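Overview (structure and organization)
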Amino acid sequence: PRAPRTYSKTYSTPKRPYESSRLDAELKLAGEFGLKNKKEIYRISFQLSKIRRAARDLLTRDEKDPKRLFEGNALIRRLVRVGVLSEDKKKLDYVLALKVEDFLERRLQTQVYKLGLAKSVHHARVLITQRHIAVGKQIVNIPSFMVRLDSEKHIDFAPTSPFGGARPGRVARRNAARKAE
Amino acid sequence: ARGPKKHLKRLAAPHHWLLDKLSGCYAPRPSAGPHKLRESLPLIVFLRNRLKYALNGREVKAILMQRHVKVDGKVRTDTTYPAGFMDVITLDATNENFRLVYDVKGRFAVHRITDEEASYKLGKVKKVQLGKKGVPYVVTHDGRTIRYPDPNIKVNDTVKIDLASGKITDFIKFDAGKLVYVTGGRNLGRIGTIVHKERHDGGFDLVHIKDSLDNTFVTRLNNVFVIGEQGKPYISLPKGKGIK
Amino acid sequence: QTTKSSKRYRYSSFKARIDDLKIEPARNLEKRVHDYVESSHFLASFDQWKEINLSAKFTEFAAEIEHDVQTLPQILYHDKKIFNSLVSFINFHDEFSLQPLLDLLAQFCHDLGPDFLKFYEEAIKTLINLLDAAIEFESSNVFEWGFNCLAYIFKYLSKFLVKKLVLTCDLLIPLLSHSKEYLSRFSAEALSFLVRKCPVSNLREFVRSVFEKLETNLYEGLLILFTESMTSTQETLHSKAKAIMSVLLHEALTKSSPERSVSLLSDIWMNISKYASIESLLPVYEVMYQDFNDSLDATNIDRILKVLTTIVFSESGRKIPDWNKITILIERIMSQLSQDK
Amino acid sequence: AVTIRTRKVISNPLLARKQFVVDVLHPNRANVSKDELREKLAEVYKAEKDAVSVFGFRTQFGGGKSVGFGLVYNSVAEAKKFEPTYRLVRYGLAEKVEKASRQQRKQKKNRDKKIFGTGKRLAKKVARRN
Amino acid sequence: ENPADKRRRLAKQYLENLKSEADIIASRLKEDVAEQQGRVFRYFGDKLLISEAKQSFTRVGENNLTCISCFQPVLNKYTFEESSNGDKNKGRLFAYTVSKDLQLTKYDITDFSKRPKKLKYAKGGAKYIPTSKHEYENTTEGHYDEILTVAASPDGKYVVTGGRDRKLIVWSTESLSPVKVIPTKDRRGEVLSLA
Amino acid sequence: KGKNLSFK
RNA sequence: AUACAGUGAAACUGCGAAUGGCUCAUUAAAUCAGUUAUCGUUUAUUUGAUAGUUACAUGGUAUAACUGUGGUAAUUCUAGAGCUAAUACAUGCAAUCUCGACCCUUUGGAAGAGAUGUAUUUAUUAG
RNA sequence: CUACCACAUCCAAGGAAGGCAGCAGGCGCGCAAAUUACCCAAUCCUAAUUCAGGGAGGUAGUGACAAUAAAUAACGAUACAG
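Rules behind the numbers
- Residues numbered from 1 in each chain as written, not as in the entry; some residues may be left out.
- Chains lettered and ligands numbered in written order.
- Part of a larger assembly, values for the part shown.
- Heavy atoms only, no water.
- Residues with missing side-chain atoms left out of burial classes, pairs and counts.
- UniProt positions renumbered as here; feature names shortened; annotations may be inferred.
- Helix = DSSP H or I, 4+ residues; strand = E, 2+ residues; numbered from the N terminus.
- Rg over C-alpha atoms; globule rule 2.2 N^0.38 Å.
- Contact = heavy atoms within 4.5 Å.
- Nonpolar A, V, L, I, M, F, W, Y, C, P; charged D, E, K, R; others polar.
- Pairing = 2+ DSSP bridges.
- Axes fitted to C-alpha atoms, helices over the stretch in contact; angles between N-to-C directions.
- Parallel < 35°, antiparallel > 145°, perpendicular 65-115°, else oblique.
- Domains from an automatic or database assignment.
- Expected span 1.5 Å × (residues − 1).
- Left-handed = near helix turned anticlockwise from the far one by under 90°.

In the annotation of the PDB entry, chain E is listed under the name Ribosomal RNA-processing protein 9 and assigned to Saccharomyces cerevisiae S288C.

Looking up chain B in the PDB entry gives the name 40S ribosomal protein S4-A, with the organism given as Saccharomyces cerevisiae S288C. Word for word, the UniProt comment on chain B under Subcellular location is "Cytoplasm".

Have a look at this one:
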């Protein structure tokens, strides 16, 4: 019976889902960032919890430790690369200060809304899911894509898109024809 | 089981082969031959997983019986022929000669050699004994029985064998200061000069070896192979010269 | 092996390959690298062979001459060293490097044809030694490379060798007269191309010259030469076929020529007759008869009779178009002998 | 237009060919058939079409590019010699062999297994008995 | 008279010219292929005489000239043919200029002592504004906005022009006639340099 | 090193 | 192909079928995990060495497949007659090397003297 | 393969012959669940051996056991009310 291939859950149910302020908070987060359901919020919270728990464990270690230095530097480098952590807050105490909202704007959906390609968060998700948006060479249809700084600088409409310079859509060409006939 | 096994699972195969785990369910079982299974690398793994000349085993089979591959100066047509340490593989069509020497990590390395170097081998002497009709002979790792050896040759010595004639060109006595290659243990692949031989009667002898970096280690005599004098190896060595 | 087995793969002896081998580069329709040239034929093939062949001797050869073959003017200016380096590496007779080198020999001749004439003598002598050297190590491919290299040189120097076609074969007499049947067979085919391109005039200065040579294995090699020069495709004959035979008949009937020449002509006639159809043989038949009619004399009466016996016997009377006129020739022969004939 | 590029070219005189990775860019086009590639490769490497084999092509997500493997044999004869039978049938160099499904073949093998000898005598015997 | 002989003839004449010009011959042949080896092989700066340079500032018609491109025929060693498009253009040096006035102009610079002489021109304007307003229909024969850059084909057969109008037309060198228009396919992909 | 070709 | 010679059903030989796969009832140093020895053993195969001790090729002491006659309700059931082969079955056949006078020639020839399988079992001798 | 012990199939009743949860597919309730499918093309293994084979293996079929990602709309204008 082949040795099992590793897999993991990307989210965990909160300790008390029904607490009123928690419901209001997830309502706010979803509406601000146009999330489909709470599952994305739980996934992001789980990721933040793991990261900040690692940061706390490292802080518990005495300074100048080889482990503290090595893994702390690695975590800070990853966090700044993903854009969550600013260049001038490259310290573990600031990693401890992160919030779910930060990862949320680091979602591609937020930037495609944000740069002016879309007027609104929901229109932005519609554009993403419809293959109208390209990172560099690559068309991305995943709203949850986490954008790097080099990556956010390269957001654009895809070449194949009708908005990116291609021919009009089936609807547009159909209406143009029926106007011609 | 009630007899010798005939199948080899991939996960059970020697780790140094670097066989891909998801490729299939079975790996080549090295056939009987000069070298032992765990210390041999079958020709298929060389011609496919190392040189990449062949894309599949059937290609390797065609290659072999086209007789372009010569192991040790002799044409071999077996896919799972157990080539091992110090073995010479010649591909005339590619004009290539390879000698099988483990790298520092312990894997057989693709070491290209010249034809003048490909013309011979080194063979560490395992046994020296008188055969029928009182004819002395020597037995090396690769199962070569060479008759009428020089009397000075003893066990643990290294005899330079010519491929065309299969005769001892020269020999090296096992002594302190000689240049040595490790063929087993955690130090497999390392190179260094002998310092001292610890002798334990009724037990495994231990040899101390010092590298070019002055670092010293200890290994069982069974994993010792004299390859020349210090600074004067009788073969071309792989990159890194067995350092670290 | 008329009936082929279901096996995808089948052993073939060296002799079997040699028998099937035929020296005729034109029939090979495979795409040739030297067709597509930017600078020269040599560079085009030379670049390809670096990619394919990894033989040692070819490796040093490429390094020695890579600088001097970049441009055609460079090749012409450095033609001497290119030939000297080329011949040197062939002499090693390393089969693994032969194929790239021999092809480059032909393309070298291709680049500077008229200029290769000064190299012509040395090049042929090198090939002769190689083909003789090819004997002790049996390798059909080496023979295939050797004779195609010769044929290519003939093709490129087709004009020049033709004017002095006698000189060309004088170099190649040892191969045509060699003990091995196949070397003479292969050597004859290369010459057959040159013979097939020879003007009727220059052919006579040839067709005479080989005949006094007849006066060991020269007779058999020459027989293969003319029949191969004559046969073109299955059940068909060459366009020049009539002109070659018309020349051959005149010297054969000429008294100065030895009787062995007439026997050769009989042997040639039978080989072409069995090979060729009725229709292809009509013009060949035609120019037989008038030559006999024109040259009928008492001195050459016996020679005419001998060839005529060959004509009637060859494939019985099936190949003969008209028997009546053969009677007319027979009547004229008597009116003008050897009783046995 | 469609651009074809070859990389990681390895000369394999041992199998007498050249192996390499094919990268084809085909903007505003679905993809390229193997025959079309084999054509282009044949003129590019100055070899016969029959000496060119191409396989394992995957178009990248979103389209516009595809990647596969290519082999160019030095000759057509050696290609027919080495190249796989199924691919020869793909290119038409070999004819598909018609065979029964393994069930019928194995059944027939077992049926022959119960029979000893040519069996013509059993045939004539049952004929005379009937 | 096969093409190989013709190459042999052209090569033979080429060597004779080198022999007439002149070890030395061997060096020059190497220099003929020095470009393939991607290294600097033209050391002539110290030999240049800047102080005696004959300076001239020939003006032109249009305001705010944006780019210039020069074409120099070069003999091809592989085929021994000049890069000139036609026999009339043998050893004729051409320079092409554009400005912000939407005009492409060609000049002849063969004579160094003399100065560039206008041959032909093409001017764009509002006549060429695209009606469709969809980018892919940006296939109008002429310019309708500022021209920024030019490149001349090494074969001497074409000259290509681009600017802030998100397009690339290639013109025939002889007549400056537009043969093809290549839209850039980006709302904000305006051509800035051509090489 | 490989080679490059373009068509259609 | 006037011995045959391509291909080749069937049949006799040769090799393999102790591999692969599947279930967990049993057993608390029983297997097992590490570790050591076989100077106490067998070992197809691979690999390298290894046998000078009628013959221009012996017999059916032989039959299959194959031809044909039959029995049985009936089989991977059958008997009687007739063939024909082997890497199947049996049989089996004017040399070399030493001591070397002559010290003839001083590599050298050379009188003469000599010597010359393997396997099994027992005994003995050297080692 | 021999005899013995049971089971069970044929018959002219004189005799003859019969034994896998390996692969698939079933029974075990009267209440309920993946195909008696395609290939030796791959990795390997056996042979008088490239070429023959291998329910070893591979491919495909089914399905809210689990797990990863996301559609079921997006953008404006106008009218009428408190």
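What follows continues from the structure just given.
1. A few points about the overall build of chain E
Counting its secondary structure elements, chain E contains two helices and 10 strands. Going from N to C terminus, chain E has its helices and strands arranged as α-α-β-β-β-β-β-β-β-β-β-β. Projected onto its principal axes, the C-alpha positions of chain E cover 65 × 50 × 35 Å.

2. Structural notes on the overall build of chain B
Secondary structure assignment for chain B yields three helices and 18 strands. Taken over the C-alpha trace, chain B has a radius of gyration of 19 Å; the compact-globule value for 244 residues is 18 Å, and the two agree within 12%. The principal-axis extent of the C-alpha atoms belonging to chain B is close to 50 × 45 × 45 Å. Contacts in chain B between residues far apart in sequence, at least 24 positions, make up 36% of those at least 6 positions apart.

3. Structural notes on the interface of chain D and chain F
With six residues of chain D in contact, the opposing surface of chain F contributes seven residues. Split by residue class, the side of chain D that touches chain F holds three nonpolar, two polar and one charged. Judged from the four bridges that link them, strand β1 (residues 2-12) of chain D and strand β1 (residues 4-7) of chain F form a sheet pairing that is antiparallel. Paired with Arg5(D) across the two strands is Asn4(F), which belongs to β1(F).

4. Description of the packing of helix α6 (residues 95-111) of chain C against helix α8 (residues 140-156) of chain C
Residue and element names in this part refer to chain C. For the pair α6 and α8, interaxial distance at closest approach is 9 Å and the crossing angle is 5°. Accordingly, the angle class assigned to the pair α6 and α8 is roughly parallel. Contacts from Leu-102, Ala-106, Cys-109 and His-110 of α6 reach α8 at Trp-145, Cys-149, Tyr-152 and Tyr-156. Residue classes in the contact of α6 with α8 are distributed as seven nonpolar, one polar and no charged.

5. Some points on the domain arrangement of chain B
Taken domain by domain, chain B consists of domain 1 (1-116), domain 2 (121-171) and domain 3 (174-244). Here domain 1 of chain B and domain 2 of chain B have C-alpha centroids that lie 25 Å from each other.

6. Points about the sheet that holds strand β14 (residues 191-198) of chain B
All names here are of chain B. Spatially, β16-β15-β14-β13-β17-β18 is the arrangement adopted by the six strands of the open sheet, whose pairing is antiparallel. Strands at the two margins of the open sheet, each flanked by one partner only, are β16 (216-220) and β18 (232-233). In the sheet, strand β15 (residues 206-210) pairs with β16 via five bridges, with the strands oriented antiparallel. For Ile-209, the partnering residue across the bridge sits in β16 and is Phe-217.

7. Regarding the arrangement of the chains
The interface with the highest contact count, out of six pairs of chains in contact, is the one between chains D and F. Structurally, chain D and chain E remain out of contact, their C-alpha atoms never closer than 12 Å.

8. Considerations on helix α1 (residues 34-45) of chain D
Three- or four-residue spacings in an α-helix give side chains the same orientation, since the helix completes a turn every 3.6 residues. Here α1(D) spans 16 Å end to end across 12 residues, near enough to the 16 Å set by a 1.5 Å rise per residue. Downstream of α1(D) by one or two residues, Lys46(D) has phi in the positive range, about 60°.

9. As for the sheet that holds strand β8 (residues 120-130) of chain B
All names here are of chain B. With respect to topology, five strands assemble into an open sheet ordered β10-β9-β8-β11-β12, the strand pairing being antiparallel. Of all the strands in the sheet, just β10 (145-147) and β12 (167-172) have a single pairing partner and so form its edges. Here the average twist between neighbouring strands, direction ignored, is 40°. Inspection of the sheet shows strand β11 (residues 158-162) paired to β12 by five bridges, in the antiparallel sense. Its bridge partner lying in β12, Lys-160 is registered against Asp-170.

10. Quick look at the pairing of strand β7 (residues 147-152) of chain E
Successive residues of a regular strand alternate their side chains across the two faces of the sheet. Residue and element names in this part refer to chain E. For β7 and strand β8 (residues 158-163), the ladder comprises five bridges, and the chain directions are antiparallel. The partner of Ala-151 across the bridge, within β8, is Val-160. Taken together, β7 and the strand that follows it, β8, pair antiparallel across an intervening segment of five residues, in which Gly-156 is found at a positive phi of about 75°.

11. Observations regarding the packing of helix α11 (residues 181-196) of chain C against helix α13 (residues 218-230) of chain C
All names here are of chain C. Across the interface, α11 lies against α13 with an axial gap of 8 Å and an inter-helix angle of 50°. Between α11 and α13, the angle falls in the class oblique. Crossing hand, α11 versus α13: right-handed. Mapping the contact onto sequence places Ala-188, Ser-192, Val-195 and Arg-196 in α11 and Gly-221, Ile-224, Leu-225, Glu-228 and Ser-229 in α13. Split into classes, the residues belonging to the contact of α11 with α13 amount to four nonpolar, three polar and two charged.

12. Notes on the environment of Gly165(A)
Position of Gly165(A) among the secondary structure elements: in the loop between β3 (155-157) and α9 (170-180). Each C-alpha atom, one on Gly165(A) and one on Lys90(A), is 41 Å from the other, the two residues being 75 residues apart in sequence. Excluding residues that lie within four positions of it along the chain, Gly165(A) makes contacts with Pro159(A), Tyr136(E) and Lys185(E).

13. Topic: the pairing of strand β9 (residues 136-140) of chain B
Residue and element names in this part refer to chain B. Bridge count between β8 and β9: five bridges; the pairing is antiparallel. Note on β9: the bridge partner recorded for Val-125 is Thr-140. In textbook terms, the turn of a hairpin is the stretch between consecutive antiparallel strands, and for β8 and β9 this stretch comprises five residues, one of which, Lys-133, has a positive phi near 65°. Pairing of β9 with β10 involves three bridges; the strand directions are antiparallel.

14. Quick word on unusual backbone geometry
Of note, the phi angle at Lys64(A) is positive, near 55°, even though the residue is not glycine. Structurally, the position occupied by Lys64(A) is in the loop between α2 (38-60) and α3 (66-81).

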